[PDB]
Amino acid sequence: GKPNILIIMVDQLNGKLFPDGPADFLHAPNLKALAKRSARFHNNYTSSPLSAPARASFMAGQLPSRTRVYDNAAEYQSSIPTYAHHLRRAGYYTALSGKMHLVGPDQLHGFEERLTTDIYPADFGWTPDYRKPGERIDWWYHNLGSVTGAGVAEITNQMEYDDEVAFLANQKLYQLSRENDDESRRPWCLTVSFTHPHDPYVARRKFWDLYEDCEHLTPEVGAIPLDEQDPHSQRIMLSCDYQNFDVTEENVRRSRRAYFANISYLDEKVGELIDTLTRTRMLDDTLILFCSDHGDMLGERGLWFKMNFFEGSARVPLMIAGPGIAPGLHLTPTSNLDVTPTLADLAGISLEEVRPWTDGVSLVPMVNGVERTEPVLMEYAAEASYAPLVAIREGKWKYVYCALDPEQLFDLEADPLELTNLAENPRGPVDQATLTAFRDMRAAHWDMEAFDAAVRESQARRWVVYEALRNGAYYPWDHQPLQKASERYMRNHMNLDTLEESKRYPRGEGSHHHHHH
Amino acid sequence: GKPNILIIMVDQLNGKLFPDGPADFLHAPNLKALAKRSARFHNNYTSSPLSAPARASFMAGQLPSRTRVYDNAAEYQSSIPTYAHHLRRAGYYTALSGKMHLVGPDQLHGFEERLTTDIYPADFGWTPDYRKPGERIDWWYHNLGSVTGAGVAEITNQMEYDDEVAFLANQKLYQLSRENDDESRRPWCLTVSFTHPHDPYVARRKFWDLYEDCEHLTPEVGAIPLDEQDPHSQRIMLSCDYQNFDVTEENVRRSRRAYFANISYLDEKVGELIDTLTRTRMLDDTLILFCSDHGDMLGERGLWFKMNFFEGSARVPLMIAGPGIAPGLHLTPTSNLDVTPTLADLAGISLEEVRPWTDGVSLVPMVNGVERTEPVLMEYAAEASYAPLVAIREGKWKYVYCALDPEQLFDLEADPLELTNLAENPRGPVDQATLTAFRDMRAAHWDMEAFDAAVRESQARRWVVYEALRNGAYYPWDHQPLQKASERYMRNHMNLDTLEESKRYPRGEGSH
Amino acid sequence: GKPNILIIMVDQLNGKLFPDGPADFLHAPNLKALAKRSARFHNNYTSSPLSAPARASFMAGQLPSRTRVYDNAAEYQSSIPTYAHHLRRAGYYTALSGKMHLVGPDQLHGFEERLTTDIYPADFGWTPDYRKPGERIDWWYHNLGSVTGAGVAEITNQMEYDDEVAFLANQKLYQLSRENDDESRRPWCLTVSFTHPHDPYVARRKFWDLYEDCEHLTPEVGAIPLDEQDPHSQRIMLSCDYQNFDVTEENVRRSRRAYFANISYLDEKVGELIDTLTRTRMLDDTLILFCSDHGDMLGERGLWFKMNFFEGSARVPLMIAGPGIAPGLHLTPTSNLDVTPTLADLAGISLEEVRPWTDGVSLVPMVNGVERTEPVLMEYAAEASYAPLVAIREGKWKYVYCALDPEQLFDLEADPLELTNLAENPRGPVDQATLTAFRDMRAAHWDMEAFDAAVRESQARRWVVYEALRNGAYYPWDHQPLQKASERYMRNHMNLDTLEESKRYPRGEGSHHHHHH
Ligand SMILES: C[N+](C)(C)CCO
Ligand SMILES: C[N+](C)(C)CCO
Ligand SMILES: C[N+](C)(C)CCO
Ligand SMILES: [Ca+2]
Ligand SMILES: [Ca+2]
Ligand SMILES: [Ca+2]
């Protein structure tokens with residue numbers, strides 16, 4: 001009765017590239033086939049445009065202000081329930097292959113098994129410090145060297161990572177298929193979390209070649225000069241060391257080309273996973289979700305990467321396909337915060353069991369024609385912020401607030417590229433009432449003073465602790481997968497014939513000319 | 001310049017047994033000689049009368065309301081600085097041998113090396129539930145079978161543990177001595193944390209025999225009937241399943257006898273540590289601390305173990321000896337909360353570096369004759385509480401508050417056994433104004449409604465997660481001491497003569 | 001400098017299926033391409049028709065009587081030099097992905113790194129016992145259930161293993177390519193050792209479908225009844241529990257069809273390795289060997305699997321390709337015993353440094369047109385033998401001796417299918433004199449009484465020890481691969497940009513130190 005759940009997650013995928021499933025110009029036949037049978041959430045947003053905050057929030061269905069994972073080095077408490085816990089409590093086998101950027105000594109956070117280590121660190125090294133506004137840390141900050149460095153390679157740090165993530169996810173699916181004839185097996189939930197299309201913007205030749213004739217290599221909004229940028233965008237450019245890189249038109253085109261090429265790299269791995277589900281005969285009983293942690297400005301407005309609430313950074317794709325999911329396109333804004341309650345709903349878990357632990361809403365009713373009215377909230381409190389920023393997405397509007405900056409208000413229906421800041425330049429009385437309305441809702445959801453103080457305390461505490469932990473012998477927190485070789489394959493407490501039968505799936509099949517095995 | 005630091009910690013040691021170092025009737029020659037040499041804090045209290053809360057608070061110098069380690073299964077966040085971090089940041093090698101009842105995947109919390117696993121669990125299993133007031137969990141709650149089951153054995157779970165804690169601590173001291181002649185060495189801080197004299201009250205014959213003629217086998221206050229007990233004591237007796245145990249006078253004597261015997265068992269281990277320091281020539285450069293996480297009523301008032309603020313449960317000894325420490329007896333109340341700022345002060349760390357992270361005060365000024373006026377605060381929010389309790393200890397007074405119970409106010413100078421509740425029976429207008437003053441102080445320090453809400457959220461959260469974590473394959477968080485065999489002793493990337501010389505200490509010695 | 005060496009090994013591959021590279025009827029485009037550019041040894045033999053003895057002898061270039069690895073449970077001493085030692089001593093990084101059926105607590109035998117555990121046991125469980133002739137051990141002996149159970153499945157024990165073997169082999173090549181521009185790098189030798197096409201004869205549907213119209217699904221020589229079999233064949237059929245299986249023609253076809261399908265399964269993995277070598281720019285400096293431990297009778301004569309000296313069981317392919325290797329087909333008999341001295345010769349190691357440690361001869365002279373006259377020797381002393389057997393292969397002749405059985409003498413020129421035993425039915429005085437000459441050679445090479453005594457002592461010794469080791473807590477010897485997660489990918493003792501550059505290969509436009517092609 002309970003469906004299997006395959007979560008396919010990718011990193012830094014601009015949601016505007018999924019207008020209705022993948023954009024037509026992308027070479028993504030597998031993701032395009034998946035989308036045609038999916039509920040597709042067009043205006044879907046991350047909870048925070050940064051990896052560890054987005055992913056802790058994604059796992060728990062809680063905003064960063066609640067998980068306390070403010071930045072890429074903030075400890076994620078083991079006691080915070082995640083969709084892994086909820087599903088595991090409900091009888092699921094739960095596994096992760098790939099990245100989740102969990103910081104702290106808990107590298108599972110409810111997952112029963114984790115098949116790879118993380119690509120990124122698990123310690124407090126990347127802790128920002130609001131006491132030194134304007135500083136940058138060159139050994140890990142984003143810099144525009146990813147833009148000037150884009151190109152072609154046959155292996156990279158990330159391609160090693162994702163190649164392994166995919167192999168072990170498919171291996172696990174093959175292993176799980178051996179139970180497929182047991183009606184009393186546990187349903188499974190496998191999260192497969194790739195690091196592409198995150199930079200470096202570097203792609204295998206095969207996929208780079210797919211985009212030789214690409215007509216989407218120019219961003220839709222050109223570079224805004226530093227002196228004309230809004231303050232947060234200015235902070236982002238300084239954090240990227242913009243003044244020490246000469247980003248040419250060609251650099252922009254090459255970066256976008258490798259990025260699209262790495263989507264096609266991912267599409268092939270999506271196809272592998274679907275193929276494994278199909279041939280092992282678990283496709284029809286498996287829900288498939290496609291999601292990402294945050295987007296990438298990809299040169300739009302002159303900006304790259306994330307760390308802001310503009311569409312290209314804050315929007316991320318979201319699709320759900322499988323049993324009991326009617327395909328279609330949904331335009332109401334939604335959030336990564338809705339994924340954990342949606343997963344619980346699809347798993348048969350009652351609303352009361354998840355209500356105290358989740359800040360979002362289930363999307364299943366929406367899949368079934370029921371309007372969703374809840375606004376979308378977002379937060380940011382890491383590098384290139386000197387104080388926290390919050391945003392609200394509701395109806396056609398986006399509102400952004402930072403105690404240090406002028407407000408931003410965008411009418412995304414009329415101004416999808418967010419070129420006109422209606423808080424600075426209100427069109428009339430309705431714009432003014434709308435700003436008051438969003439100010440009141442902002443004040444209702446966030447105490448920005450308490451938010452700042454909480455972030456400063458978290459940073460300061462971690463810097464004392466991390467300074468200590470980097471003296472003397474280092475104790476690493478990186479997850480080490482363990483697959484006991486002494487229990488695998490054939491060992492001499494076993495019966496070879498029984499082993500071979502148990503590891504074969506499907507079983508008892510095979511006919512040359514006499515079609516009964 | 002920076003001294004070495006040896007912290008010796010024991011578990012469940014009633015502080016009333018250290019009036020001026022160990023009480024006369026205890027066979028504790030090694031701890032008595034240490035005490036003559038130490039600043040001794042007579043009226044020292046734990047921050048919380050329970051293992052994990054007291055220990056998380058002890059390491060951080062923060063109360064449970066700040067660490068959020070409310071009970072024996074509450075997660076201790078890795079990001080909370082401890083004295084291990086403070087000393088490590090300042091250039092110390094830091095190590096732990098033995099118990100600290102850290103809950104969560106971090107089993108070091110700043111310690112650079114940990115030589116043993118913990119005796120107790122590292123996961124959320126022992127999480128209380130304020131939604132079910134009155135329940136008890138038989139498979140891990142205290143029960144008076146410790147009292148009826150006291151006796152003599154040559155090995156126990158705890159004796160295996162402590163024998164190993166002791167061996168590895170002395171081994172580590174020996175290993176450290178090999179750097180003692182190196183001017184570029186780091187100073188070291190070794191915490192040696194024993195589980196005795198925590199129950200089961202079971203002792204080796206050798207130490208049991210020391211107390212054949214002991215005159216302290218009867219508690220000073222007898223069993224108070226359930227009807228006549230204060231509400232919290234009633235909760236504790238119910239949690240101990242008291243209705244199903246017939247505790248006789250013999251049981252009480254046998255339990256106390258084994259407890260004293262296990263203090264003597266520890267005293268021999270204290271002697272071993274000091275002997276190693278002496279023969280390795282590290283004694284004179286080493287501060288030595290003696291401390292405990294909480295006490296044990298030991299049958300006084302009819303109660304056993306801890307979980308309350310009465311003297312026998314809330315008082316724990318505290319002594320400090322070594323370079324720059326004037327010996328003496330101090331009567332002003334102190335707290336385990338003061339240990340971390342004291343350690344930092346002794347180690348040369350500035351007050352500013354530790355002020356944002358510690359709720360207590362350094363005891364070094366007191367050691368040097370400066371009056372200390374800060375009150376001592378305590379908290380409890382675990383088994384046998386249905387709502388959090390707080391306590392204030394200041395001057396001659398102890399005040400205890402729980403939203404569910406009548407207040408308690410004791411004048412410990414006039415009523416050292418806390419037999420007269422002056423909140424209930426004021427002696428006069430000074431007692432009345434004193435109660436009002438402590439009420440005002442409590443309200444200024446604690447939002448008790450927020451406290452209860454925070455504890456309930458922590459409990460609920462953990463029960464969701466722990467139920468999940470006990471489905472399928474279990475991933476344990478217990479500490480596994482580091483594996484290092486390929487780098488130990490003689491291996492063929494090394495020169496044998498160089499090895500022998502480096503591992504020999506003292507060096508160049510001998511006299512025929 | 002010295003060349004890289006990729007050793008592609010497969011298990012239980014009947015050498016008659018590679019008459020000149022792969023037979024025409026096989027779907028094996030990658031191995032046929034490889035064969036076209038290789039020196040191909042048509043009449044190449046295993047040293048012992050069984051996995052562990054063949055593989056210990058292969059690694060050492062020593063016969064079983066010298067390695068003392070007589071059977072699948074015999075300890076292989078760590079002190080015995082292997083091609084891994086020889087190459088590693090000469091400056092090579094050496095690695096193994098996959099199977100080598102090493103028995104004993106040493107699971108590396110000179111390999112610097114092993115990327116997978118073994119599919120098979122590493123302890124003394126499978127020790128035969130000459131004190132009980134006629135017994136069989138049902139929980140691990142071969143049985144004709146492989147033939148009756150042949151068919152189609154998408155995962156098996158062996159495809160899980162070989163999928164993993166392949167993935168990690170290709171990953172290791174990618175990792176090694178990152179050193180390819182460093183002139184201080186070590187040359188590398190990677191052995192990729194697959195368990196297919198060993199039974200179970202079970203194949204993925206994709207590859208099974210390739211052999212729908214196959215014309216080779218029935219053996220040329222059909223089943224010989226027990227009462228007309230030679231004694232050793234009779235012992236093999238009894239060991240296979242042949243009396244309890246009804247092997248139909250359809251069963252024979254299904255088994256051969258799956259077997260061929262698994263050759264095609266392996267051919268796709270060969271193409272994968274070649275593709276990785278090509279795109280990493282490592283192909284042109286890489287010697288590629290293709291080899292197998294023993295063959296598979298595949299129903300010929302009514303026999304299945306190995307354990308004998310007939311062509312289908314004793315012949316295994318051998319090809320060598322790469323720098324300095326002239327392609328060609330060689331008909332002089334060779335042996336797996338020659339691989340280790342050939343590898344050393346090709347790696348630039350002098351003959352004097354390997355001569356005291358190998359029984360075989362380098363094939364490099366033969367590749368360069370020098371005649372080879374050394375005979376090919378083989379030994380067997382495991383299951384289905386009640387006493388050791390030896391064989392001599394020289395010129396057109398094969399001679400087989402066992403103290404318990406009539407001699408066999410075959411003229412492979414006139415009788416390629418070994419249907420006429422010329423020791424029993426000589427054609428004339430030349431056949432008679434040839435038998436005497438092989439008798440004298442046999443007596444000069446082997447003391448068969450001593451051989452039997454040595455195998456009996458080895459068996460008895462292991463059974464005493466194994467009986468003890470299976471009491472109480474078991475201590476496994478299985479190899480546990482370890483890739484330390486605390487040193488992989490991004491960790492906060494590193495600079496992220498330095499990391500990315502080091503892990504990117506090839507290093508072209510956009511990389512730190514590429515200024516031109
Ligand atoms: C991804 N970086 C590590 C480059 C910066 C944090 O987003
Ligand atoms: C586990 N016990 C409850 C028995 C002791 C800790 O309080
Ligand atoms: C391969 N078996 C394990 C089936 C028997 C030994 O060759
Ligand atoms: Ca990310
Ligand atoms: Ca305790
Ligand atoms: Ca084999």
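In what follows, chains carry the letters A, B, and so on, assigned in the order in which the sequence lines appear, proteins first and then strands, with residues in each chain numbered from 1. These numbers come from the heavy atoms of this one structure, side chains and all, not from hydrogens, waters or symmetry mates.
Using modelled atom types and a 3.5 Å distance limit, the side chains of C/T117 and C/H479 yield no donor-acceptor pair. If you check the side chains of A/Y505 and C/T156, you find no donor sitting under 3.5 Å from an acceptor. With hydrogens and angles left out, the side-chain atoms of C/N336 and C/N44 include a donor and acceptor closer than 3.5 Å. Side-chain contact annotation: C/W126 with A/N492, donor-acceptor N/O pair under 3.5 Å present. Inspection of the C/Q158 and C/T195 side chains reveals an N or O donor paired with an N or O acceptor under 3.5 Å.
C/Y489 has its ring centre less than 6.0 Å from the ring centre of A/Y161. Taking the six-membered ring where the residue is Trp, the centroids of C/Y120 and C/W140 are separated by 6.0 Å or more.
The residues A/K206 and A/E268 are annotated as salt-bridged, a charged nitrogen and a carboxylate oxygen being separated by less than 4.0 angstrom.
For the pair C/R204 and A/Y174, the distance from NZ or CZ to the six-membered ring centre is under 6.0 Å and the angle to the ring normal is within 45 degrees.
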Test side chain to side chain contact (heavy atoms under 4.5 Å, CB included) applied to C/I7 and C/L190, step by step: CA-CA 6 Å; C/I7 296 168; C/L190 176 75; over 6 Å; no
Residues C/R89, C/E353; criterion salt bridge (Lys or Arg N to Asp or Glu O under 4.0 Å); working and verdict: CA-CA 11 Å; C/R89 188 165 169 275; C/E353 298 176 77; 3.2 Å; yes
CA sep, side-chain torsions, deciding dist, call: C/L176, C/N180, side chain to side chain contact (heavy atoms under 4.5 Å, CB included): CA-CA 7 Å; C/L176 288 165; C/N180 198 45; over 6 Å; no
Working for ring-ring contact (aromatic ring centres under 6.0 Å, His included), residues C/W477 and C/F124: CA-CA 11 Å; C/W477 289 336; C/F124 308 142; 5.5 Å; yes
Intermediate values then yes/no, side chain to side chain contact (heavy atoms under 4.5 Å, CB included), C/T278 and C/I274: CA-CA 6 Å; C/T278 304; C/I274 300 298; 4.0 Å; yes
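At least one donor-acceptor pair under 3.5 Å links the side chain of C/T340 to the backbone N or O of C/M59. Formation of a donor-acceptor pair under 3.5 Å by the C/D345 side chain with backbone atoms of C/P341 is not found in this model. With hydrogens and angles disregarded, a donor-acceptor distance shorter than 3.5 Å links the side chain of C/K2 to the backbone of C/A90. The backbone N or O of A/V202 sits less than 3.5 Å from a side-chain atom of A/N262, completing a donor-acceptor pair. Formation of a donor-acceptor pair under 3.5 Å by the C/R507 side chain with backbone atoms of C/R178 is found in this model.
Partner of A/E160 under the salt bridge (charged side-chain N to carboxylate O under 4.0 Å, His left out) criterion, chosen from C/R488, C/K503, C/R504: C/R488. Checked against C/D296 for a side-chain hydrogen bond (donor to acceptor under 3.5 Å, both in side chains), the options C/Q12, C/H198, C/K306 give a single hit: C/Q12. Checking each of A/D162, A/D275, A/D163 against A/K269 for a salt bridge (charged side-chain N to carboxylate O under 4.0 Å, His left out) leaves exactly one that passes, namely A/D163. Under the salt bridge (charged side-chain N to carboxylate O under 4.0 Å, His left out) test applied with C/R491, the options A/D118, A/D123, A/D478 reduce to a single match, A/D478.
C/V165 has its side chain out of reach of C/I119: every pair of non-hydrogen atoms, C-beta onward, lies at least 4.5 Å apart. In this structure the side chain of C/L102 never reaches within 4.5 angstrom of the side chain of C/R55, judged on heavy atoms.
A distance of 7.5 Å separates OG of C/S193 from CG of C/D293, quoted to the nearest 0.5 Å.
In this view, C/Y265 and C/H196, C/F207 satisfy the ring pair (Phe, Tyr, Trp, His ring centres under 6.0 Å) rule, not counting sequence neighbours.
Note on ring orientation: taking the six-membered ring where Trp is involved, the planes of C/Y201 and C/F305 are parallel (angle under 30°, cut-offs 30° and 60°).
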